[PDB]
Colleague: 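Here it is, the structure in full.
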Amino acid sequence: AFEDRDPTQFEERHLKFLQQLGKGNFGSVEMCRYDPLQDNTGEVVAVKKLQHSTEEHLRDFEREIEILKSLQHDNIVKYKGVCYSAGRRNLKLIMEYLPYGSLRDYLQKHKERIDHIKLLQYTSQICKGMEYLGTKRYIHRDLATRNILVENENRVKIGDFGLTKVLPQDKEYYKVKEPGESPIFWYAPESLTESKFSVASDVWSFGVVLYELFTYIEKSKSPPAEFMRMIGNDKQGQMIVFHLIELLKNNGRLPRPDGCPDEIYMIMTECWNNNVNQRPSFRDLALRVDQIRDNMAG
Ligand SMILES: CC1(n2cnc3cnc4[nH]ccc4c32)CCN(S(C)(=O)=O)CC1
């Protein structure tokens with residue numbers, strides 16, 4: 001006898017591994033098939049599992065799952081459910097499978113299908129996803145083309161909410177002192193110096209995403225390569241951070257990509273403002289981008 005009142009619970013025995021897809025924040029995403037009829041008419045899903053798990057990490061994973069579940073938007077990756085694997089003594093996150101993978105990889109592998117109009121289309125979509133995120137007071141903390149997904153030519157979706165934080169109701173920034181490796185070449189100055197994350201710091205990072213888009217992931221032009229080149233490729237360890245901070249605090253910036261219109265570089269530049277409160281909002285950004293796109297079409 002059987003009654004299914006929870007389609008967000010995926011049965012372990014019907015979830016079959018197909019392929020590995022890629023690493024994400026403290027974990028790993030794999031391509032799986034969910035086939036509860038064993039007739040091979042089921043759907044392909046993306047499944048995230050933790051790597052090197054612990055009690056703390058599992059609790060974080062649980063918060064990420066609830067964050068993802070709370071989100072419903074065309075430009076945010078779809079939550080599908082959970083799988084309580086290991087005879088219900090483990091946790092896995094079930095997500096939609098997006099065939100073209102990360103935007104970073106897609107930009108590199110399909111340059112022939114990409115032009116400025118498309119880049120702006122994606123820029124717009126990312127902004128709108130981020131508008132949506134702000135309505136829930138979620139601070140993403142890891143905006144980057146590696147964490148943006150491509151559904152098709154005409155649509156991208158924000159992913160990896162593994163670092164995402166919810167603003168504590170009475171505050172406008174979240175201070176997160178954390179051990180291990182941070183993606184420093186996407187961090188706002190106050191995130192580097194004070195560990196302070198906010199909607200504004202996501203706007204900073206979006207500026208770096210916009211840069212990424214107009215470099216087409218050329219290699220040698222990536223934020224890390226550029227910053228390291230500016231800082232000195234010799235530098236190791238903490239010295240890297242010291243010089244990046246100093247560099248940013250005194251107006252050192254990623255250069256304008258070759259072929260990038262002045263107007264688009266201006267947007268990057270405004271996002272990269274040391275004055276947190278002078279940065280534009282995601283709503284300002286989507287409107288400006290869409291107005292550029294609308295004014296270009298002729
Ligand atoms: C590479 C990626 N991926 C490649 N093909 C995919 C297909 N579907 C996916 N769903 C979620 C991620 C994902 C895919 C899996 C890992 N990430 S993440 C956001 O976890 O850092 C980027 C996307």
Side-chain angles (χ1 to χ4, degrees), residues 4-51 60-85 90-110 113 118 121-136 138 140-164 209:
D4 188 29
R5 300 178 67 89
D6 200 1
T8 65
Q9 286 185 56
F10 284 67
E11 291 278 82
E12 179 177 25
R13 69 203 165 96
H14 297 131
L15 194 62
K16 55 260 300 97
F17 178 85
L18 297 188
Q19 191 189 290
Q20 190 66 46
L21 295 176
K23 300 326 140 268
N25 282 307
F26 7 65
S28 154
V29 174
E30 43 190 36
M31 187 200 302
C32 288
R33 190 87 165 283
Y34 193 63
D35 203 41
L37 290 165
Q38 303 280 295
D39 64 344
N40 302 289
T41 60
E43 46 167 14
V44 175
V45 301
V47 177
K48 171 161 179 191
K49 65 204 180 157
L50 291 182
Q51 293 314 132
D60 286 343
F61 192 35
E62 272 182 286
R63 287 185 194 81
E64 176 185 1
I65 289 164
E66 290 307 299
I67 282 170
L68 189 64
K69 174 162 180 255
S70 64
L71 297 169
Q72 284 170 88
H73 193 270
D74 288 338
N75 303 310
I76 307 291
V77 174
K78 284 176 180 177
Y79 167 92
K80 290 188 140 303
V82 285
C83 180
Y84 299 119
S85 51
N90 201 200
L91 222 186
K92 290 181 172 171
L93 169 57
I94 317 307
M95 297 185 270
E96 65 174 323
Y97 177 70
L98 299 160
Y100 294 96
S102 74
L103 186 51
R104 196 185 68 189
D105 286 327
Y106 181 78
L107 279 168
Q108 291 170 295
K109 291 175 191 182
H110 291 88
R113 279 144 67 162
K118 275 283 156 189
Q121 187 180 204
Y122 305 157
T123 299
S124 173
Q125 289 171 1
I126 300 156
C127 280
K128 285 161 189 179
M130 292 310 300
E131 281 181 72
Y132 182 65
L133 240 85
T135 67
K136 291 185 178 292
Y138 290 166
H140 192 288
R141 296 211 311 129
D142 201 15
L143 274 185
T145 60
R146 61 180 176 270
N147 299 330
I148 311 302
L149 281 291
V150 186
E151 186 176 358
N152 52 64
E153 267 187 351
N154 303 321
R155 193 184 282 183
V156 308
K157 305 200 177 190
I158 301 173
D160 204 324
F161 300 86
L163 292 187
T164 301
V209 171

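Residues: numbered from 1 along the sequence shown.
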Colleague: Can you check whether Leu91 reaches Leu50 side chain to side chain, under 4.5 Å on heavy atoms?
Modeller: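 The answer is no; the side chains never approach within 4.5 Å.
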
Colleague: Whether the side chain of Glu96 engages the backbone of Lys78 through a donor-acceptor N/O pair (distance < 3.5 Å, no angle test) should be reported.
Modeller: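 Checked: pair present.
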
Colleague: Please report the shortest heavy-atom distance between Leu21 and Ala46, naming the atom on each side.
Modeller: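 Closest pair (atom of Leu21, atom of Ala46, distance): CD1-CB, 4.5 Å.
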
Colleague: Given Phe161 and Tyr79, is the side chain to side chain contact (heavy atoms under 4.5 Å, CB included) satisfied, shown in steps?
Modeller: CA-CA 11 Å; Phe161 300 86; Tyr79 167 92; over 6 Å; no

Colleague: Side-chain contact, heavy-atom cut-off 4.5 Å: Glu66 with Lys69?
Modeller: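 Result yes, sub-4.5 Å side-chain heavy-atom pair found.
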
Colleague: With heavy-atom distances below 4.5 Å as the criterion, would you say the side chains of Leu143 and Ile148 are in contact?
Modeller: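 Yes, close enough: below the 4.5 Å cut-off.
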
Colleague: Taking atom CD of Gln51 as the centre, does the number of heavy atoms from other residues, nucleotides or ligands within less than 6.0 Å exceed 12?
Modeller: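 Yes, CD of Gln51 has more than 12 neighbouring heavy atoms, counting only those of other groups under 6.0 Å.
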
Colleague: I'd like to know if the side chain of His140 reaches the main chain of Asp160, judged simply by a donor and an acceptor atom lying under 3.5 Å from each other, with no hydrogens or angles considered.
Modeller: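 A pair under 3.5 Å: yes.
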
Colleague: Do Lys16 and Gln38 come within less than 4.5 Å of each other through their side chains, counting heavy atoms only?
Modeller: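 In contact.
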
Colleague: Please examine the side chains of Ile94 and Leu15, heavy atoms only from C-beta on, and report whether any two atoms are closer than 4.5 Å.
Modeller: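 Yes, their side chains come closer than 4.5 Å.
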
Colleague: Test of understanding: with salt bridge (charged side-chain N to carboxylate O under 4.0 Å, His left out), list the residues that count as partners of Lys80, not counting sequence neighbours.
Modeller: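 Here the qualifying residues are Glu43.
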
Colleague: Tell me, yes or no, whether the heavy-atom count around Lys109 atom NZ, taken from other residues, nucleotides or ligands under 6.0 Å, exceeds 12.
Modeller: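 No, not enclosed.
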
Colleague: Distance check, rounded to the nearest 0.5 Å: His14 atom NE2 versus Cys83 atom SG?
Modeller: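 It is 11.0 Å, given to the nearest 0.5 Å.
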
Colleague: Checking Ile76 against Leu133 for the side chain to side chain contact (heavy atoms under 4.5 Å, CB included) test, could you report, in this order, the C-alpha distance in whole Å, the side-chain angles of both residues, the deciding distance, and whether it holds?
Modeller: CA-CA 9 Å; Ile76 307 291; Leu133 240 85; 3.6 Å; yes

Colleague: Using 0.5 Å steps for rounding, measure from the NE2 atom of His110 to the CG atom of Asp105.
Modeller: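 CG of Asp105 is found 11.0 Å from NE2 of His110.
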
Colleague: Over all heavy atoms of both residues, which pair between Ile67 and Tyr138 is shortest? Give the atoms and the distance, please.
Modeller: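 What the structure gives for the nearest pair is CG2-CE1, 3.8 Å.
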
Colleague: Is the number of heavy atoms from other residues, nucleotides or ligands under 6.0 Å of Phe26 CZ greater than 12?
Modeller: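 Yes, the 6.0 Å shell around CZ holds more than 12 heavy atoms from other groups.
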
Colleague: Donor-acceptor pairs under 3.5 angstrom involving side-chain atoms of residues 149-156: please list them, not counting sequence neighbours.
Modeller:
unit_1 : atom_1 : unit_2 : atom_2 : d
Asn152 : OD1    : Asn154 : N      : 2.9
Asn152 : OD1    : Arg155 : N      : 3.3
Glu153 : OE2    : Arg113 : NE     : 3.4
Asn154 : OD1    : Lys118 : NZ     : 2.3

Colleague: What are the two closest non-hydrogen atoms of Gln72 and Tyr132, and how far apart are they?
Modeller: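 The pair with the smallest heavy-atom distance is N-OH, 2.9 Å.
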
Colleague: Run the side-chain hydrogen bond (donor to acceptor under 3.5 Å, both in side chains) test against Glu64 and tell me which residues pass, sequence neighbours left out.
Modeller: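 For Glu64, the residues satisfying side-chain hydrogen bond (donor to acceptor under 3.5 Å, both in side chains) (neighbours in sequence not counted) are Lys48.
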
Colleague: How long is the gap from CZ on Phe61 to CG on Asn90, to the nearest 0.5 Å?
Modeller: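 Atom-to-atom, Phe61:CZ and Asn90:CG are 8.5 Å apart.
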
Colleague: Find the distance between CD (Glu131) and CD1 (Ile126) and round it off to the nearest 0.5 Å.
Modeller: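 Interatomic distance, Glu131 CD to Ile126 CD1, rounded to 0.5 Å: 12.5 Å.
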
Colleague: Return the OH to CD distance between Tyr34 and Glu12, rounded to the nearest 0.5 Å.
Modeller: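 If we round to the nearest 0.5 Å, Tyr34:OH and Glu12:CD are 10.5 Å apart.
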
Colleague: Could you tell me whether the side chain of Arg33 and the main chain of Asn40 form a donor-acceptor pair under 3.5 Å?
Modeller: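 Pair found, side chain donor or acceptor close to backbone of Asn40.
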
Colleague: Which heavy atom of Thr145 sits nearest to which heavy atom of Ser102, and what is that distance?
Modeller: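 In terms of heavy atoms, the two residues are closest at O-CB, 4.0 Å.
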
Colleague: Quick check for you: to the nearest 0.5 Å, what is the distance between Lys157 atom NZ and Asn75 atom CG?
Modeller: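 Here the interatomic distance stands at 8.0 Å.
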
Colleague: Is there side-chain contact between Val82 and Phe10, with at least one heavy-atom pair below 4.5 Å?
Modeller: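 SC-SC contact between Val82 and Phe10 ruled out.
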
Colleague: Examine distances only and state if a side-chain atom of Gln20 and a backbone atom of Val29 form a donor-acceptor pair shorter than 3.5 Å.
Modeller: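 Pair found, side chain donor or acceptor close to backbone of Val29.
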
